[PDB]
>>> print(open('final04.cif').read())   # mmCIF, C-alpha atoms and all ligand atoms
data_protein
loop_
_atom_site.group_PDB
_atom_site.id
_atom_site.type_symbol
_atom_site.label_atom_id
_atom_site.label_comp_id
_atom_site.auth_asym_id
_atom_site.auth_seq_id
_atom_site.Cartn_x
_atom_site.Cartn_y
_atom_site.Cartn_z
ATOM 1 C CA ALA J 212 89.280 122.658 95.752
ATOM 2 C CA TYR J 213 86.629 122.489 98.450
ATOM 3 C CA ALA J 214 84.170 123.698 95.776
ATOM 4 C CA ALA J 215 84.580 120.523 93.684
ATOM 5 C CA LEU J 216 83.138 117.989 96.167
ATOM 6 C CA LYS J 217 79.897 119.695 97.307
ATOM 7 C CA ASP J 218 77.630 118.447 94.488
ATOM 8 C CA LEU J 219 78.451 114.835 93.845
ATOM 9 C CA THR J 220 76.415 112.327 93.844
ATOM 10 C CA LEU J 221 78.748 110.081 95.797
ATOM 11 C CA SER J 222 78.052 108.301 99.042
ATOM 12 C CA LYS J 223 79.533 109.742 102.226
ATOM 13 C CA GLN J 224 81.831 106.709 102.242
ATOM 14 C CA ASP J 225 83.038 107.421 98.710
ATOM 15 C CA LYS J 226 83.747 111.096 99.449
ATOM 16 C CA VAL J 227 85.781 110.088 102.525
ATOM 17 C CA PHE J 228 87.680 107.675 100.266
ATOM 18 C CA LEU J 229 88.356 110.351 97.627
ATOM 19 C CA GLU J 230 89.585 112.792 100.278
ATOM 20 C CA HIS J 231 91.979 110.208 101.741
ATOM 21 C CA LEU J 232 93.411 109.576 98.241
ATOM 22 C CA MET J 233 93.918 113.313 97.832
ATOM 23 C CA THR J 234 95.437 113.968 101.266
ATOM 24 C CA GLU J 235 97.773 110.972 101.532
ATOM 25 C CA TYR J 236 99.212 110.802 97.989
ATOM 26 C CA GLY J 237 98.643 114.294 96.631
ATOM 27 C CA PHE J 238 96.098 113.527 93.895
ATOM 28 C CA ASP J 239 93.723 116.296 92.906
ATOM 29 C CA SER J 240 89.987 115.578 92.813
ATOM 30 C CA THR J 241 90.089 114.739 89.066
ATOM 31 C CA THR J 242 92.610 111.905 89.392
ATOM 32 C CA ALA J 243 91.058 110.672 92.637
ATOM 33 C CA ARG J 244 87.640 110.453 90.979
ATOM 34 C CA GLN J 245 89.174 108.432 88.110
ATOM 35 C CA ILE J 246 90.549 105.981 90.686
ATOM 36 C CA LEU J 247 87.060 105.753 92.185
ATOM 37 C CA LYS J 248 85.691 105.095 88.671
ATOM 38 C CA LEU J 249 88.017 102.106 88.299
ATOM 39 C CA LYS J 250 86.833 100.697 91.621
ATOM 40 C CA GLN J 251 83.200 101.129 90.552
ATOM 41 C CA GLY J 252 83.975 99.314 87.290
ATOM 42 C CA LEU J 253 85.367 96.371 89.272
ATOM 43 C CA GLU J 254 82.115 96.131 91.238
ATOM 44 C CA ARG J 255 80.063 96.069 88.028
ATOM 45 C CA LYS J 256 82.329 93.488 86.412
ATOM 46 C CA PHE J 257 82.892 91.152 89.405
ATOM 47 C CA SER J 258 79.610 90.771 91.288
ATOM 48 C CA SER J 259 79.022 88.892 94.553
ATOM 49 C CA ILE J 260 75.253 88.819 93.988
ATOM 50 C CA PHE J 261 75.004 87.961 90.288
ATOM 51 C CA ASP J 262 78.303 86.048 90.273
ATOM 52 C CA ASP J 263 80.897 84.373 92.443
ATOM 53 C CA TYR J 264 83.558 86.943 93.287
ATOM 54 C CA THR J 265 84.410 88.376 96.689
ATOM 55 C CA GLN J 266 85.166 91.859 97.988
ATOM 56 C CA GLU J 267 88.754 90.813 98.681
ATOM 57 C CA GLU J 268 89.168 89.701 95.058
ATOM 58 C CA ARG J 269 87.837 93.083 93.888
ATOM 59 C CA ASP J 270 90.261 94.818 96.248
ATOM 60 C CA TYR J 271 93.088 92.638 94.939
ATOM 61 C CA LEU J 272 92.194 93.532 91.357
ATOM 62 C CA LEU J 273 92.199 97.249 92.170
ATOM 63 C CA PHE J 274 95.650 97.002 93.794
ATOM 64 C CA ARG J 275 96.961 94.804 90.960
ATOM 65 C CA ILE J 276 95.719 97.111 88.189
ATOM 66 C CA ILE J 277 97.033 100.295 89.838
ATOM 67 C CA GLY J 278 100.330 98.566 90.588
ATOM 68 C CA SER J 279 100.815 97.513 86.949
ATOM 69 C CA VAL J 280 101.364 101.158 85.964
ATOM 70 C CA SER J 281 104.845 100.914 87.504
ATOM 71 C CA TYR J 282 105.423 97.184 88.077
ATOM 72 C CA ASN J 283 105.054 94.983 85.014
ATOM 73 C CA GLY J 284 106.723 92.203 83.137
ATOM 74 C CA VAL J 285 106.855 88.504 83.834
ATOM 75 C CA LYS J 286 108.823 88.971 87.079
ATOM 76 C CA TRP J 287 105.854 90.909 88.452
ATOM 77 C CA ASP J 288 103.258 88.626 86.887
ATOM 78 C CA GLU J 289 104.638 85.612 88.757
ATOM 79 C CA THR J 290 104.855 87.728 91.941
ATOM 80 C CA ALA J 291 101.609 89.729 92.058
ATOM 81 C CA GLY J 292 99.594 87.557 89.641
ATOM 82 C CA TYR J 293 98.635 87.694 85.958
ATOM 83 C CA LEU J 294 96.096 90.313 84.928
ATOM 84 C CA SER J 295 95.438 88.344 81.721
ATOM 85 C CA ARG J 296 93.422 85.852 83.809
ATOM 86 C CA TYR J 297 90.758 88.560 84.269
ATOM 87 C CA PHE J 298 91.089 90.945 81.291
ATOM 88 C CA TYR J 299 91.342 89.676 77.725
ATOM 89 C CA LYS J 300 89.695 89.688 74.311
ATOM 90 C CA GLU J 301 88.964 86.429 72.499
ATOM 91 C CA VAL J 302 89.679 86.143 68.769
ATOM 92 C CA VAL J 303 89.261 83.308 66.277
ATOM 93 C CA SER J 304 92.776 81.896 66.004
ATOM 94 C CA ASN J 305 92.176 79.388 63.170
ATOM 95 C CA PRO J 306 89.504 80.377 60.605
ATOM 96 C CA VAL J 307 88.791 76.775 59.556
ATOM 97 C CA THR J 308 88.610 75.333 63.079
ATOM 98 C CA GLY J 309 86.707 78.061 64.864
ATOM 99 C CA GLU J 310 89.232 77.769 67.706
ATOM 100 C CA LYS J 311 89.652 80.931 69.783
ATOM 101 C CA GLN J 312 92.555 82.321 71.803
ATOM 102 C CA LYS J 313 92.359 84.797 74.701
ATOM 103 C CA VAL J 314 94.519 87.870 74.005
ATOM 104 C CA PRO J 315 95.613 89.871 77.086
ATOM 105 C CA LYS J 316 94.304 93.430 77.385
ATOM 106 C CA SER J 317 96.693 96.350 77.697
ATOM 107 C CA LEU J 318 96.599 98.536 80.782
ATOM 108 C CA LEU J 319 94.835 101.396 78.951
ATOM 109 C CA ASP J 320 92.255 98.921 77.574
ATOM 110 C CA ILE J 321 91.659 97.588 81.115
ATOM 111 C CA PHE J 322 90.997 101.168 82.277
ATOM 112 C CA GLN J 323 88.484 101.677 79.465
ATOM 113 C CA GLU J 324 86.724 98.351 80.039
ATOM 114 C CA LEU J 325 86.248 99.452 83.653
ATOM 115 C CA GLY J 326 84.555 102.692 82.577
ATOM 116 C CA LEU J 327 87.196 105.377 81.886
ATOM 117 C CA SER J 328 87.158 107.247 78.586
ATOM 118 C CA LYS J 329 90.293 107.054 76.457
ATOM 119 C CA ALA J 330 91.402 110.476 77.709
ATOM 120 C CA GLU J 331 90.659 109.633 81.353
ATOM 121 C CA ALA J 332 92.639 106.396 80.993
ATOM 122 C CA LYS J 333 95.697 108.227 79.619
ATOM 123 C CA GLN J 334 95.466 110.917 82.328
ATOM 124 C CA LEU J 335 95.106 108.360 85.133
ATOM 125 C CA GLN J 336 98.099 106.337 83.929
ATOM 126 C CA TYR J 337 100.270 109.453 83.580
ATOM 127 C CA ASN J 338 99.342 110.839 86.998
ATOM 128 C CA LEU J 339 99.872 107.465 88.698
ATOM 129 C CA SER J 340 103.390 107.310 87.161
ATOM 130 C CA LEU J 341 104.087 110.940 88.118
ATOM 131 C CA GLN J 342 103.025 110.332 91.743
ATOM 132 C CA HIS J 343 105.233 107.240 91.751
ATOM 133 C CA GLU J 344 108.338 109.092 90.522
ATOM 134 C CA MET J 345 107.720 112.320 92.468
ATOM 135 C CA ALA J 346 106.512 110.851 95.826
ATOM 136 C CA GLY J 347 110.026 110.476 97.285
ATOM 137 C CA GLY J 348 110.993 114.131 96.926
ATOM 138 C CA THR J 349 114.023 113.506 94.708
ATOM 139 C CA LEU J 350 112.797 115.324 91.579
ATOM 140 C CA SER J 351 113.169 118.994 90.647
ATOM 141 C CA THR J 352 111.100 121.949 89.483
ATOM 142 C CA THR J 353 111.086 122.608 85.742
ATOM 143 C CA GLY J 354 113.166 125.714 86.458
ATOM 144 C CA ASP J 355 115.978 123.604 87.898
ATOM 145 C CA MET J 356 115.452 120.800 85.338
ATOM 146 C CA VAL J 357 116.069 123.163 82.406
ATOM 147 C CA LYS J 358 119.482 124.130 83.812
ATOM 148 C CA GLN J 359 120.562 120.759 85.225
ATOM 149 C CA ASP J 360 119.205 118.144 82.773
ATOM 150 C CA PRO J 361 117.789 119.891 79.671
ATOM 151 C CA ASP J 362 117.183 116.571 77.919
ATOM 152 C CA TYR J 363 115.080 115.168 80.782
ATOM 153 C CA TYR J 364 113.014 118.374 80.712
ATOM 154 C CA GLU J 365 112.145 118.160 77.016
ATOM 155 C CA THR J 366 111.393 114.427 77.471
ATOM 156 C CA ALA J 367 109.049 115.122 80.389
ATOM 157 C CA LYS J 368 107.379 117.882 78.387
ATOM 158 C CA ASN J 369 106.791 115.494 75.489
ATOM 159 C CA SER J 370 105.079 112.965 77.797
ATOM 160 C CA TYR J 371 102.686 115.670 79.066
ATOM 161 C CA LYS J 372 101.722 116.664 75.508
ATOM 162 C CA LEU J 373 101.159 112.973 74.700
ATOM 163 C CA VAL J 374 98.631 112.879 77.559
ATOM 164 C CA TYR J 375 96.905 116.298 77.339
ATOM 165 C CA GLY J 376 97.461 117.144 73.676
ATOM 166 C CA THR J 377 99.330 120.431 74.143
ATOM 167 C CA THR J 378 102.565 121.759 75.576
ATOM 168 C CA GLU J 379 100.713 124.682 77.167
ATOM 169 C CA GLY J 380 100.893 124.710 80.954
ATOM 170 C CA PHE J 381 103.536 121.988 81.335
ATOM 171 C CA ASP J 382 105.768 124.031 83.674
ATOM 172 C CA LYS J 383 102.899 125.064 85.958
ATOM 173 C CA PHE J 384 101.443 121.535 85.935
ATOM 174 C CA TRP J 385 104.753 119.804 86.656
ATOM 175 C CA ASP J 386 105.627 122.221 89.463
ATOM 176 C CA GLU J 387 102.101 121.964 90.945
ATOM 177 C CA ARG J 388 102.151 118.153 90.828
ATOM 178 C CA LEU J 389 105.713 118.054 92.174
ATOM 179 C CA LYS J 390 104.641 119.995 95.283
ATOM 180 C CA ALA J 391 101.494 117.925 95.780
ATOM 181 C CA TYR J 392 102.846 114.410 95.018
ATOM 182 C CA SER J 393 106.135 114.977 96.875
ATOM 183 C CA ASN J 394 104.554 116.637 99.965
ATOM 184 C CA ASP J 395 106.654 119.735 99.225
ATOM 185 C CA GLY J 396 109.808 117.643 99.072
ATOM 186 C CA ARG J 397 109.230 115.858 102.377
ATOM 187 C CA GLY J 398 107.736 112.675 100.901
ATOM 188 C CA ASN J 399 104.361 111.009 100.414
ATOM 189 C CA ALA J 400 103.615 107.298 100.209
ATOM 190 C CA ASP J 401 104.447 105.885 96.746
ATOM 191 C CA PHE J 402 100.960 104.836 95.657
ATOM 192 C CA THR J 403 101.771 102.336 92.886
ATOM 193 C CA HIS J 404 104.463 100.842 95.122
ATOM 194 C CA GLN J 405 101.965 100.466 97.986
ATOM 195 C CA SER J 406 99.433 98.988 95.557
ATOM 196 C CA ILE J 407 101.674 96.287 94.098
ATOM 197 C CA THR J 408 102.830 95.400 97.609
ATOM 198 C CA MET J 409 99.240 94.891 98.722
ATOM 199 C CA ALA J 410 98.356 93.042 95.542
ATOM 200 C CA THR J 411 101.257 90.676 96.171
ATOM 201 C CA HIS J 412 100.038 90.060 99.710
ATOM 202 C CA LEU J 413 96.535 89.296 98.426
ATOM 203 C CA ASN J 414 97.526 87.107 95.477
ATOM 204 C CA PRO J 415 96.237 83.536 96.107
ATOM 205 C CA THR J 416 99.347 82.113 94.410
ATOM 206 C CA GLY J 435 107.449 95.566 100.564
ATOM 207 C CA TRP J 436 109.696 96.623 103.465
ATOM 208 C CA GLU J 437 111.697 93.421 103.289
ATOM 209 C CA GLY J 438 112.507 93.828 99.599
ATOM 210 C CA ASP J 439 113.350 97.481 100.161
ATOM 211 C CA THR J 440 115.584 96.993 103.225
ATOM 212 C CA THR J 441 117.661 94.014 102.116
ATOM 213 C CA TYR J 442 119.735 92.746 99.283
ATOM 214 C CA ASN J 443 117.064 91.255 97.083
ATOM 215 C CA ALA J 444 118.211 90.632 93.520
ATOM 216 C CA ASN J 445 115.871 92.633 91.314
ATOM 217 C CA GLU J 446 115.821 96.192 92.664
ATOM 218 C CA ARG J 447 118.531 98.752 93.183
ATOM 219 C CA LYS J 448 119.884 97.001 96.395
ATOM 220 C CA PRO J 449 118.224 98.434 99.558
ATOM 221 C CA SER J 450 116.320 101.602 98.705
ATOM 222 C CA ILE J 451 113.779 102.880 101.223
ATOM 223 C CA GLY J 452 113.230 106.583 100.725
ATOM 224 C CA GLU J 453 110.426 108.297 102.583
ATOM 225 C CA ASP J 454 107.889 107.394 99.868
ATOM 226 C CA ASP J 455 108.661 103.702 100.241
ATOM 227 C CA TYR J 456 108.909 103.896 104.006
ATOM 228 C CA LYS J 457 105.296 105.091 104.157
ATOM 229 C CA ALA J 458 104.105 102.735 101.383
ATOM 230 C CA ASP J 459 105.743 99.697 102.960
ATOM 231 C CA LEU J 460 104.436 100.335 106.472
ATOM 232 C CA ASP J 461 100.983 101.372 105.301
ATOM 233 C CA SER J 462 100.704 98.230 103.136
ATOM 234 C CA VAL J 463 101.265 96.004 106.156
ATOM 235 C CA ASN J 464 98.967 98.067 108.376
ATOM 236 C CA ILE J 465 96.007 98.293 105.963
ATOM 237 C CA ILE J 466 96.288 94.621 104.948
ATOM 238 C CA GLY J 467 96.125 93.800 108.653
ATOM 239 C CA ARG J 468 92.897 95.744 109.063
ATOM 240 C CA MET J 469 91.429 94.002 106.005
ATOM 241 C CA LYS J 470 92.260 90.586 107.439
ATOM 242 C CA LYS J 471 90.177 91.513 110.500
ATOM 243 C CA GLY J 472 87.076 91.842 108.308
ATOM 244 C CA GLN J 473 87.125 95.222 106.553
ATOM 245 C CA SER J 474 87.075 96.071 102.880
ATOM 246 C CA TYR J 475 89.957 98.067 101.437
ATOM 247 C CA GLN J 476 87.896 101.265 101.402
ATOM 248 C CA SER J 477 86.880 100.837 105.062
ATOM 249 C CA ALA J 478 90.273 99.757 106.366
ATOM 250 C CA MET J 479 92.216 102.528 104.648
ATOM 251 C CA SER J 480 89.679 105.134 105.680
ATOM 252 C CA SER J 481 89.846 103.984 109.329
ATOM 253 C CA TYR J 482 93.640 103.722 109.217
ATOM 254 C CA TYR J 483 94.349 107.180 107.802
ATOM 255 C CA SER J 484 91.850 108.666 110.246
ATOM 256 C CA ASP J 485 93.604 106.879 113.123
ATOM 257 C CA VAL J 486 97.019 108.022 111.863
ATOM 258 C CA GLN J 487 95.775 111.619 112.116
ATOM 259 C CA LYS J 488 94.264 111.151 115.593
ATOM 260 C CA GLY J 489 97.171 109.340 117.239
ATOM 261 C CA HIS J 490 100.921 109.641 117.606
ATOM 262 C CA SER J 491 103.347 107.604 115.480
ATOM 263 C CA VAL J 492 100.428 105.323 114.613
ATOM 264 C CA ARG J 493 102.155 104.172 111.411
ATOM 265 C CA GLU J 494 105.116 102.818 113.396
ATOM 266 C CA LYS J 495 103.147 101.502 116.394
ATOM 267 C CA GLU J 496 100.704 99.642 114.172
ATOM 268 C CA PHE J 497 103.502 98.192 112.057
ATOM 269 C CA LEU J 498 105.220 96.846 115.181
ATOM 270 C CA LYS J 499 101.973 95.138 116.170
ATOM 271 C CA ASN J 500 101.783 93.380 112.794
ATOM 272 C CA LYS J 501 105.541 92.631 112.542
ATOM 273 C CA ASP J 502 107.923 91.755 115.388
ATOM 274 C CA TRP J 503 110.540 94.477 115.873
ATOM 275 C CA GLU J 504 113.220 91.835 116.546
ATOM 276 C CA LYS J 505 112.348 89.901 113.372
ATOM 277 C CA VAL J 506 112.557 93.132 111.352
ATOM 278 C CA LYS J 507 115.921 93.985 112.945
ATOM 279 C CA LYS J 508 117.203 90.440 112.409
ATOM 280 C CA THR J 509 116.059 90.368 108.781
ATOM 281 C CA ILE J 510 117.883 93.600 107.989
ATOM 282 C CA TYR J 511 121.011 92.724 109.972
ATOM 283 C CA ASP J 512 121.457 89.309 108.304
ATOM 284 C CA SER J 513 121.117 90.881 104.880
ATOM 285 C CA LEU J 514 123.075 94.147 105.258
ATOM 286 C CA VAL J 515 125.636 93.469 107.999
ATOM 287 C CA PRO J 516 128.747 91.402 107.188
ATOM 288 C CA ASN J 517 129.676 88.492 109.449
ATOM 289 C CA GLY J 518 132.845 90.301 110.515
ATOM 290 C CA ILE J 519 130.707 92.633 112.650
ATOM 291 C CA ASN J 520 129.355 91.079 115.858
ATOM 292 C CA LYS J 521 125.590 91.541 115.411
ATOM 293 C CA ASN J 522 125.136 91.550 119.215
ATOM 294 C CA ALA J 523 127.263 94.723 119.508
ATOM 295 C CA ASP J 524 124.183 96.767 118.653
ATOM 296 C CA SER J 525 125.952 100.141 118.923
ATOM 297 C CA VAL J 526 128.541 98.984 116.364
ATOM 298 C CA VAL J 527 125.834 97.715 114.009
ATOM 299 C CA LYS J 528 123.771 100.907 114.178
ATOM 300 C CA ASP J 529 126.804 103.024 113.293
ATOM 301 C CA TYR J 530 127.595 100.681 110.395
ATOM 302 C CA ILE J 531 124.079 100.950 108.980
ATOM 303 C CA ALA J 532 124.011 104.693 109.725
ATOM 304 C CA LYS J 533 127.165 105.224 107.660
ATOM 305 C CA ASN J 534 126.419 102.907 104.729
ATOM 306 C CA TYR J 535 122.600 102.741 104.455
ATOM 307 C CA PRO J 536 121.307 106.093 105.791
ATOM 308 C CA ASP J 537 117.769 105.362 104.602
ATOM 309 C CA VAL J 538 117.581 101.942 106.288
ATOM 310 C CA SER J 539 119.127 103.501 109.394
ATOM 311 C CA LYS J 540 116.255 106.015 109.623
ATOM 312 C CA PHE J 541 113.843 103.102 109.096
ATOM 313 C CA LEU J 542 115.374 101.299 112.080
ATOM 314 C CA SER J 543 115.686 104.410 114.257
ATOM 315 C CA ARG J 544 112.010 105.295 113.815
ATOM 316 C CA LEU J 545 110.778 101.809 114.753
ATOM 317 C CA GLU J 546 113.331 101.371 117.548
ATOM 318 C CA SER J 547 112.026 104.632 118.999
ATOM 319 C CA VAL J 548 108.474 103.283 119.238
ATOM 320 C CA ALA J 549 109.502 99.705 120.079
ATOM 321 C CA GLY J 550 110.214 100.945 123.604
HETATM 322 CA CA CA J 601 109.363 104.398 95.411
HETATM 323 CA CA CA J 602 102.012 91.058 116.913
HETATM 324 CA CA CA J 603 129.628 101.688 101.875
#
>>> encode(input="final04.cif", output="structure tokens")
Amino acid sequence: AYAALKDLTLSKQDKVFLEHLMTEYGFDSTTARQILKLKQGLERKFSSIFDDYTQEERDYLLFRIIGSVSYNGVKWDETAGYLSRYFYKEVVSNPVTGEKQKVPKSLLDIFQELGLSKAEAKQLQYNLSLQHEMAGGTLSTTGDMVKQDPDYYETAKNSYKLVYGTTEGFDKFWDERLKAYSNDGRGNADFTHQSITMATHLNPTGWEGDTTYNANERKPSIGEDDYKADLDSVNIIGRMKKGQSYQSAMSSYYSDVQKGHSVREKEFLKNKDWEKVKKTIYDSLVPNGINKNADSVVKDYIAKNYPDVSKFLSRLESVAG
């Protein structure tokens, strides 16, 4: 655990970054180092010294690629941007003409272009999806899965063998990852959710989608994993806009979160007006028959019908004063 990061052969800044990935989301050193490998591939592919790209574009690409594990399809391409603009293979499309066409690269092929081996790419994708599904603390140990949903258990087991090549150790692995990714059931930030939120905010062309009736999703849904992801997206993007890279801003932010008190909520309320947040959620969730000025009535309505959004409001209200 501690023993893994002594030798390495990473800058002090990179080790700090790896440790934040591990602490905040639950990744072990193996997965965290694979995420660092992706980032290093982006710097080799999109230079600011030998080419034209910027650090913010490289940070966007990292968020966009990690997000695509869980958020894909044309609805997300229009929203967070098309990865095919940056990752493709060209093939002769008409043998007589010589005309070529650019064929979009799959997510696993993007991972390998950026430096991961085929096995590393499969492991990274799997662990990013696991963290995404487990972060909210709604999933079960294999021991409870067997009894409750035996078909989900054998499905999950098959996915693990697909990745690692064996069924051996699935129960121990799943239970170990469930404790780490879910923060022992209490909730960690949903990393792919945070990533696609940040990618969307950095696309040249979050909490609001999760707290309102937007079309696409399951209505409002803001479990603890999305609460942290949504607020941390806004906070870290804000630090980046002030001049920091993603690695610097997230390192400074998670350090500050540890050193302070309710820093996640206080910093969110400095980026987003508490009254605008309240108003956005009220207009979307509260029917016109309820006087929105009668704040005690509204809070009891939300508390009864949207317990997750209620906690979201209670936590911010608490720090708004
Ligand atoms: Ca989530
Ligand atoms: Ca402000
Ligand atoms: Ca209801």
>>> residues_near_point(input="final04.cif", point="(90.3, 89.4, 80.4)", cutoff="10 Å", atoms="all atoms listed in the file", output="number ranges by chain")
J: 294-301, 313-317, 321, 324
>>> resolve_selection(input="final04.cif", expression="the PyMOL selection byres (((chain J and resi 381) around 9) and not hetatm)", output="list in words")
residues 353, 367, 368, 371, 372, 377, 378, 379, 380, 382, 383, 384, 385 and 386 of chain J
>>> closest_atom_pairs(input="final04.cif", of="region 248-334 of chain J", to="region 405-447 of chain J", cutoff="6 Å", atoms="only C-alpha atoms", output="CSV")
residue,atom,partner,partner_atom,distance
J:271,CA,J:410,CA,5.3
J:274,CA,J:406,CA,4.6
J:275,CA,J:410,CA,5.1
J:278,CA,J:407,CA,4.4
J:291,CA,J:411,CA,4.2
>>> residues_near_ligand(input="final04.cif", ligand="ligand CA 603 (chain J)", cutoff="8 Å", atoms="only C-alpha atoms and all ligand atoms", output="list in words")
residues 533, 534 and 535 of chain J
>>> residues_around(input="final04.cif", residues="residue 375 (chain J)", least_positions_apart="4", cutoff="9 Å", atoms="all atoms listed in the file", output="PyMOL selection string")
chain J and resi 330+333-334+370-371
>>> closest_atom_pairs(input="final04.cif", of="chain J", to="ligand CA 601 (chain J)", cutoff="7 Å", atoms="only C-alpha atoms and all ligand atoms", output="tab-separated table")
residue	atom	partner	partner_atom	distance
J:343	CA	J:CA601	CA	6.2
J:344	CA	J:CA601	CA	6.9
J:347	CA	J:CA601	CA	6.4
J:401	CA	J:CA601	CA	5.3
J:404	CA	J:CA601	CA	6.1
J:452	CA	J:CA601	CA	6.9
J:454	CA	J:CA601	CA	5.6
J:455	CA	J:CA601	CA	4.9
>>> resolve_selection(input="final04.cif", expression="the PyMOL selection byres (((not hetatm)) within 10 of (chain J and resi 602))", output="list in words")
residues 496, 497, 498, 499, 500, 501, 502 and 503 of chain J
>>> atom_distance(input="final04.cif", atom1="CA of residue 451 (chain J)", atom2="CA of residue 537 (chain J)")
5.8 Å
>>> axis_aligned_box(input="final04.cif", around="region 437-447 of chain J", padding_each_side="5 Å", output="lines of an AutoDock Vina configuration file")
center_x = 115.7
center_y = 94.7
center_z = 97.3
size_x = 18.0
size_y = 18.1
size_z = 22.0
>>> closest_residue(input="final04.cif", among="J:531, J:280, J:303, J:285", to="residue 338 (chain J)", atoms="all atoms listed in the file")
J:280
>>> residues_near_point(input="final04.cif", point="(99.8, 107.7, 101.6)", cutoff="6 Å", atoms="only C-alpha atoms", output="MDAnalysis selection string")
chainID J and resid 235:236 399:400
>>> closest_residue(input="final04.cif", among="J:397, J:256, J:217, J:329", to="residue 269 (chain J)", atoms="all atoms listed in the file")
J:256
>>> residues_around(input="final04.cif", residues="region 470-478 of chain J", least_positions_apart="5", cutoff="8 Å", atoms="all atoms listed in the file", output="compact mmCIF listing (two decimals) with C-alpha atoms, in the coordinates of the input")
# COMPACT_ATOMS: atom_id res chain seq x y z
CA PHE J 228 87.68 107.68 100.27
CA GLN J 266 85.17 91.86 97.99
CA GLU J 267 88.75 90.81 98.68
CA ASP J 270 90.26 94.82 96.25
CA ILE J 465 96.01 98.29 105.96
>>> atom_distance(input="final04.cif", atom1="CA of residue 403 (chain J)", atom2="CA of residue 546 (chain J)")
27.3 Å
>>> atom_distance(input="final04.cif", atom1="CA of residue 453 (chain J)", atom2="CA of residue 389 (chain J)")
15.0 Å
>>> closest_residue(input="final04.cif", among="J:323, J:517, J:543, J:281", to="residue 529 (chain J)", atoms="all atoms listed in the file")
J:543
>>> closest_residue(input="final04.cif", among="J:387, J:273, J:505, J:305", to="residue 250 (chain J)", atoms="all atoms listed in the file")
J:273
>>> closest_residue(input="final04.cif", among="J:544, J:231, J:255, J:508", to="residue 486 (chain J)", atoms="all atoms listed in the file")
J:231
